[PDB]
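Residue numbers (our numbering), protein chains in the order written: chain A, -4 to 407; chain B, -14 to 541. Think of the CB as a built atom: it goes at the ideal place given N, C-alpha and C, for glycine as much as any other residue.
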Ligand SMILES: Cc1cc(C#N)cc(C)c1Oc1nc(NC2CCN(Cc3ccc(S(N)(=O)=O)cc3)CC2)nc2ccsc12
Ligand SMILES: [Mg+2]
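So this is what it looks like as structure tokens:
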């Protein structure tokens, strides 16, 4: 690939100028080693002071890998980079991917380093390996090839990728292969024995076209919107009924037809919270009718690709996390719950960080893009620690929730 | 002739779509012109500038200035216009090392790189934009026109390009001499090591031999400064560091300007003088732009000042960093949202100290502030030392475990241990998860008229206790909090409370222990006195008994 594809920023926009955040000594040392080898290989070059741009960099470890990896946070550059209709008008997101029995994620970002980056665009990929205590000026580099994590790379590389894969595709017409940023998502309906074979047959096929050896295994089998469920009880206290009426009142914003009149009737008077109330027949019927309504899908839920996906997350305690993805309020496109997050039984922020990556992975499989997160955490705590648990090569956007939502109870 | 390597040129551009400057040269006296001609003739002989013909259309004004006793003229080329039109550069880092992150170098030499500076060539394609004109005597001949071949002092790119050029030249020497440290500050190159003075002098000679490859002569700095080095507001001694003298002035009359300089001195001092406090002195600046407005000091600002004077009566010093020892950070609560900390490796030998002040907020609690202080110190430590310290915190392990397991937000603090240094951070109340058997149930409500601002707040209970209080100059939100307050006031030590106020729930669920609202504060004080409180929420206007009744009592 000698010819470079011309790339520009969006009209009227300059390059990114994002501060490098401070890094631990071990991460700095790892980045120095990685970047020295990349410079020897010609992938990056030292830059001079006439380049004022910057994108932050840090170091991670992929899931169960002891080797440090460089992660550039290209979020600002990506939003400033021209929109891409690379080879066509767009790849309609494969709706069948989320239906496959198993989906394997392969890191193919290494392929990007074989394509040269437009010489006039390189300056915008500048990044700094910082020094400790400001004791030396940072080490300043820019990219000479397509960088991992940049919006342009999959777009510019897509012609090369579609050709690399065609013989495999022609042979396995029932396997879905979808690319998002540095990752390939390979789904089929076989048993892991055959699927692993295919996956190993694909990376071998990739190795003969010029890898990593890692893989993530997903089962989008039952990704849906979790029903609202109401308690089934033989004796209701005043408190139980108050909680039920509150939950139903909330559900009524989602579902037409929810009624609470007959259940409220049970609370006639000023009763002790722990007093047992017998259900009348009218209230039993009303609750049964609400129960039936909640079994149906929500009305008028549809994905609109011109709108952001929103993800909200609630800490439920005891390592459990609930979440909803939507574009408009009360129109959930997907809901879910996680428990016993791996390797963080004593660390809230690690658990939250892993939930954010799992949800982002689900969002890429279902819609082909990442959601904007509403995180139940103070900004200063999140910003101090999330990079310490990040293991993905993309990074989504996020905002912070400082007022406790009443709805955590309803997803409880 | 000994061949020398050229210094790599930095390519420079004007900002997009902008042209170079075209600023008219001012008239000058015959005296200043003679002075400028002499100066520029000498600069021209040294290669710094070159005469140019009349084709160049750019121009920057030049001036001639004096000094009090120094009885010679100075040249001044005013590049402000060109600076506005020059591209941005990766600037010399605004950040400087913090002394507590430095490590011992027993031997230090200061080289003068003033002369090396003029070997840095200016990008040939950019020189045209630096044209200037010496007006001629009596304006009877064409003015003498020059441009720069070297980095003009006062031009926007000169510091970044000079620094980058030196760094690139020094880099191989630094990497092949890992036992020395090199730090540049304008015309000063500081070269340090921990070697015996003989081996150190040799490295300095080797460095001079290295720089000669570019034709650079670097002699020692004139009038070698004895220790300590006066650097960036510090005193750096071979084995210790402090700030330069902190002298708080005595005054009968303090203006808004006087208090600003006081906080700045105090803020500078707080990186080594433990326990400095600036809240009560900062509260005297809240909202004011007139800097001579004499603001009388509160008895609490006087106390604070007097307390800082006591802390500042004697110099204290910090130690430098030892990578072989642990890094420990200890925090104390000072009150009124203020926190102090020490970072050290050995007991009683601080690397540095610091402080942290509560963020502006309607409500807050001590555990949240302590967490924020931890995150600040964490980030400062990564900056200075490249690692997180072990923390010593005035909060019991069991208190922290209760907090984070029950708090609605994710929260984390890194490896830490309890230090029993009052006052301790604690949880002042915890609400129940389930309704209390045998505790009276208060249904509370309040409401207010948006126009008249008249309201009511009250409750009804399962024992037939009831209260409605008429209120003036109030709001719905305020009456809703007032209702909860009345129920707390009038109940036993265990109480179930039912509200429909989403506003009140949102406040109380945030677990504040202090507020800017006296009413919230009064509710917190009531909560602290209870043994058990269950707070339950119901939707308004849904016919829920108890709630419906009290809603009527307070809605007119
Ligand atoms: C070399 C240097 C000097 C100054 C000044 N002004 C500032 C900085 C940032 C410097 O840069 C670095 N300084 C160090 N350590 C320090 C440790 C403490 N001392 C003070 C001292 C020692 C000995 C004598 S003495 N007996 O020779 O008179 C006098 C004064 C200076 C060196 N480490 C690094 C690492 C990367 S840069 C850098
Ligand atoms: Mg009401």
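- Residue-level contact check: residue 80(B) touches chain A, since one or more beta carbons of chain A fall below 8 Å from its beta carbon.
- Listed by position along chain B, the residues whose Cβ is nearer than 9 Å to that of residue 46(A) are 74 and 75.
- Under the three-state reduction of DSSP output, residue 232(A) falls in the strand class.
- Using a CB distance below 7 Å, no part of the segment 270 to 297 of chain A faces chain B.
- Residues of chain A with a Cβ closer than 8 Å to the Cβ of residue 527(B) are, in chain order, 240, 244, 255 and 259.
- Counting the other Cβ atoms within 10 Å of the Cβ of residue 522(B) gives 16 or more, which makes it buried.
- Per DSSP, the continuous alpha helix (DSSP H) segment holding residue 160(B) begins and ends at 143 to 160.
- Contact annotation for residue 367(B) against chain A: 17, 18 and 19 [CB-CB distance below 8 Å, chain order].
- In the three-state reduction of the DSSP assignment, residue 282(B) falls in the coil class, being assigned neither a helical nor a strand state.
- If you compare the alpha carbons of 396(A), 81(A), 400(A) and 390(A) with that of residue 51(A), the shortest gap goes to 390(A).
- The beta strand (DSSP E) runs lying completely inside the segment 379 to 462 of chain B and spanning 3 residues or more are 401 to 403, 426 to 433, 440 to 446 and 451 to 456, given in chain order.
- Straight across, the Cα-Cα distance linking residue 370(A) with residue 210(B) is about 54 Å.
- Contacts with chain B (Cβ-Cβ distance below 8 Å) from the segment 336 to 353 of chain A involve 342, 343, 344, 345, 346 and 347, listed in chain order.
- Cβ-Cβ distances below 7 Å link residue 327(B) to 259, 315, 335 and 338 in the same chain, with the five nearest sequence neighbours on each side left out; the list follows chain order.
- Residue nearest to residue 359(B) within the set 367(A), 331(A), 236(A) and 380(A) is 380(A) (criterion: CA-CA distance).
- For residue 389(B), the chain A residues whose C-beta falls within less than 7 Å of its own C-beta are 343, listed in chain order.
- For residue 187(A), the enclosing alpha helix (DSSP H) stretches over residues 187 to 202.
- Under the 10 Å beta carbon count, residue 297(A) is surrounded by fewer than 16 other beta carbons and is classified as exposed.
- For residue 376(A), the C-beta contacts it makes with chain B under 7 Å involve 356, 360, 396 and 397, in order along the chain.
- Taking a Cβ-Cβ threshold of 9 Å, the residues of chain B close to residue 130(A) are 82, 86, 87, 166 and 168, in chain order.
- With a threshold of 7 Å, the Cβ atom of residue 432(B) counts as near ligand 2, since some heavy atom of the ligand is closer than that.
- Under a criterion of Cβ atoms nearer than 7 Å, the residues of chain A adjacent to residue 372(B) are, in order, 19 and 20.
- Look at the segment 414 to 425 of chain B: the residues with a C-beta under 9 Å from a C-beta of chain A are 419, 420, 421, 422, 423, 424 and 425.
- The CB of residue 490(B) comes closer than 7 Å to the CB of 401 in chain A, given here in chain order.
- Between the C-alpha atoms of residue 236(B) and residue 288(B) there is a straight-line separation of about 15 Å.
- Here the C-alpha atom of residue 151(A) lies approximately 7 Å from the C-alpha atom of residue 0(A).
- Under the Cβ distance rule, residue 312(A) counts among the residues neighbouring chain B, one pair being separated by less than 8 Å.
- Classified as exposed, residue 27(A) has fewer than 16 neighbouring CB atoms from the shown chains inside 10 Å of its CB.
- Counting only Cβ-Cβ distances below 7 Å, residue 248(A) has no contacts in chain B at all, with the closest Cβ about 11 Å away.
- Along the segment 134 to 159 of chain A, going in chain order, the ones with a CB nearer than 9 Å to a CB of chain B are 135.
- Runs of the alpha helix (DSSP H) spanning 4 or more residues and lying entirely within the segment 182 to 245 of chain B occur at 182 to 197, in chain order.
- DSSP places residue 95(B) inside the beta strand (DSSP E), whose first and last residues are 92 to 97.
- For residue 409(B), the closest C-alpha among the options 350(B), 27(B), 461(B) and 65(B) is that of 350(B).
- Between residue 12(A) and residue 44(A), the gap from beta carbon to beta carbon reaches 8 Å or more.
- Contact of residue 380(A) with chain B is assigned, a C-beta pair being separated by under 8 Å.
- At a cut-off of 8 Å between beta carbons, residue -4(B) contacts chain A.
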